[PDB]
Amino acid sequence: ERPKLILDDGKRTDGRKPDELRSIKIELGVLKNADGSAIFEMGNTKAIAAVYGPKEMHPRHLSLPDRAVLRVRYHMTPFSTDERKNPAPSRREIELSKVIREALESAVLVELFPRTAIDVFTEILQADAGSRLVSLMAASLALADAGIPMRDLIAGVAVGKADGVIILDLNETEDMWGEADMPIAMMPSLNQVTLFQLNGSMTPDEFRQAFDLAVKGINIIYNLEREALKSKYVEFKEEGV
C-alpha cells in the first residue's frame, strides 16, 4: 500500500544511496529580454528564473530611500505536476515566495540601489520535490547573470528521513511518505544559512546528522554553480557525497 523507501539493499526508490544527489543541470543567459536568467534542474525538478535588473520603481511611495526592493514570485506552472495545479497563487506559493525573498535579501546587496526595484520571477516547469530550493538557486544564479552584487551564491538541498534513515535530496515519493523534509540553503563560502525549514518530525540527534549531510550536498552543488558561472552550462550525473 504505502511504498518502502529503503530496500533490503540500502538503496532508495530511484536507486540512489542515502548520500547521493540527483543529477544536476544548470544553464545561464537563456532569456534574451531579461537582465539575467537561469534554468536549474535537480532530477526531475526544473525551474526557470528571470531577473529584471535594478530599475526605478513604478509607484514611488512603495520604494525605499536606502535600499532596493526585492520583488519575488514563486510560481508553479499548471503542468508541472501529475494533477493539474491551479494557476492562481496557492497559500503554499505565497509562503514560499516570502521565504525565497527573505533568503535572497540576505545575499543581495540591496543598499547599493536605493529607490529601485529588482524583479525576480521564478517558474517551476516540473515539480519533483525540492522545487522551492531549485527556484531559489535559479534565482540566485539569474541575479549573478544580471551582474547584481551579492555576498555569495546560494546553494541548497532538502535533507530528510525515510525509513529511520537520513537521506539527501528528496523524491516526491520520499517527500510525501517520509517522516521529515528539511530544506536548507546557504551562502556556502560564508557558512551562512539563508533558508531553513523542517516539516515532519526528528529527534535533535537526527536533526544534527541531517544538517551535516545537507552541508556536503550543498558544497557539491556550490562548485557546480561556480562552474556554471564561467561556462554558462553545467551537467552533473548523480553521485555520492
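The first residue of the shown sequence is 1; numbering continues from there.
Undergrad: Comparing 57-65 with 44-52, which has the greater mean CA B-factor as deposited?
TA: Comparing averages over the C-alpha atoms only gives 57-65.
Undergrad: Using the B-factor values recorded in the entry, state whether the Cα atom of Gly200 falls in the lowest, middle or highest third among the modelled residues of its chain.
TA: Middle third - that is where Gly200 ends up once the chain's C-alpha B-factors are sorted.
Undergrad: Where does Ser135 sit by CA temperature factor within its chain: lowest, middle or highest third?
TA: It falls in the bottom third of the chain.
Undergrad: What third of its chain's C-alpha B-factors does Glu83 belong to: lowest, middle or highest?
TA: Highest third - that is where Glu83 ends up once the chain's C-alpha B-factors are sorted.
Undergrad: Could you tell me which third, lowest, middle or highest, the C-alpha B-factor of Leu31 occupies within its chain?
TA: It falls in the top third of the chain.
Undergrad: Would you please rank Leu112 by its C-alpha temperature factor against the other modelled residues of its chain and give the third it falls in: lowest, middle or highest?
TA: Highest third, going by the recorded CA B-factors of the chain.
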